[PDB]
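*Asks:* The following block contains the structure, expressed as structure tokens.
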Ligand SMILES: O=C(O)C1CCN([C@H]2[C@H](O)[C@H](n3ccc(=O)[nH]c3=O)O[C@@H]2CO)CC1
Ligand SMILES: O=C(O)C1CCN([C@H]2[C@H](O)[C@H](n3ccc(=O)[nH]c3=O)O[C@@H]2CO)CC1
């Protein structure tokens, strides 16, 4: 049974590439990470940094979560990320995404012992 930490890794971690997102990156990644299974997940961010680096964010800048909770953290440094955003023409089950590479600070929610990322809140 998938832990929240494991789900975060599946939904949000892609340490395999430096950028290097083809115009096709999101189409393929959203499907393979199972984010197009029950619906087209409309927005999803993949982070191209080491797991250690992203986990480290849980001890970085404490910031308010969008939901009003206090357990969110913003990375001190910008991180390589790919924003995946459903296109206007996209229709389930043929989910289609615009791929946008950027370098931005990430904000994640962390929980548990060990204290680890469980939710992607924002990129700024
Ligand atoms: O993976 C991503 O990049 C995105 C995944 C979806 N989102 C949603 C998420 O629900 C987040 N949000 C908003 C309100 C809230 O109470 N909690 C949230 O996580 O803000 C985005 C839309 O307002 C952020 C980032
Ligand atoms: O089983 C558990 O212990 C946990 C399973 C996962 N979670 C949620 C929790 O809401 C946490 N979360 C989510 C959104 C948010 O804004 N803040 C969070 O802490 O992320 C997990 C997956 O969404 C808490 C409980």
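Count begins at 1; order follows the chain as displayed.
Header says: X-ray crystallography, 1.7 Å.
Each residue, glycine too, has its Cβ placed from N, Cα and C.
For 12, the entry in Swiss-Prot reads active site, proton acceptor. According to Swiss-Prot, the active site, proton donor annotation covers 119. According to Swiss-Prot, the substrate binding site annotation covers 7, 10, 41, 42, 43, 44, 45, 66, 85. What Swiss-Prot lists as disulfide bond is 26-84, 40-95, 58-110, 65-72. The annotation glycation site is assigned in Swiss-Prot to 1, 7, 37, 41 on the grounds of experimental evidence. Feature annotation from Swiss-Prot assigns N-linked glycosylation site to 34; the stated evidence is experimental evidence.
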*Asks:* Given 26, 37, 43, 45, 95 as the recorded positions, which ones have a Cβ positioned under 6 Å from some atom of ligand 1?
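*Replies:* The recorded positions passing the 6 Å Cβ test are 43, 45.
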*Asks:* Where ligand 2 binds, which of the recorded positions 65, 110, 119 are close by, with Cβ under 6 Å?
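*Replies:* Near the molecule: 65, 119.
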*Asks:* Does DSSP put the residue listed as 'N-linked glycosylation site' in a helix, in a strand, or in coil?
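*Replies:* The residue in question, the residue listed as 'N-linked glycosylation site', is coil (DSSP, three-state).
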*Asks:* Just going by other Cβ atoms within 10 Å, which of the recorded positions 26, 43, 65 has the emptiest spot?
*Replies:* 43
*Asks:* Here the recorded positions are 1, 7, 37, 41; which one has the lowest number of other Cβ atoms no more than 10 Å from its Cβ?
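*Replies:* Taking 1, 7, 37, 41 as the recorded positions, the minimal 10 Å Cβ count falls on 1.
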*Asks:* Looking only at 7, 10, 41, 42, 43, 44, 45, 66, 85, the residues listed as binding substrate, what is the longest Cα to Cα distance in Å?
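*Replies:* Greatest Cα-Cα span of the listed binding residues: 22 Å.
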*Asks:* Just checking, which of 34, 45 (recorded positions) has the fewest C-beta atoms within 10 Å of its C-beta?
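*Replies:* Among the recorded positions 34, 45, the sparsest Cβ neighbourhood within 10 Å belongs to 34.
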*Asks:* Let's check the environment of residue 110 (disulfide bond): how many other CB atoms sit within 10 Å of its CB?
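*Replies:* Looking across every protein chain shown, the total is 22.
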*Asks:* How many whole Å apart are the CA atoms of residue 12 (active site, proton acceptor) and residue 72 (disulfide bond)?
*Replies:* 16
*Asks:* Between residue 34 (N-linked glycosylation site) and residue 43 (substrate binding site), what C-alpha distance do you get in Å?
*Replies:* 13
*Asks:* How long is the line from the C-alpha of residue 65 (disulfide bond) to the C-alpha of the residue listed as 'active site, proton donor', rounded to the nearest angstrom?
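*Replies:* Distance between the two Cα atoms comes out at 10 Å.
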*Asks:* Where the distance is taken from Cα to Cα, which of the recorded positions 26, 37, 40, 41, 85 turns out closest to residue 110 (disulfide bond)?
*Replies:* 41
*Asks:* Any idea what DSSP makes of residue 65 (disulfide bond), helix, strand or coil?
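*Replies:* Coil, per DSSP.
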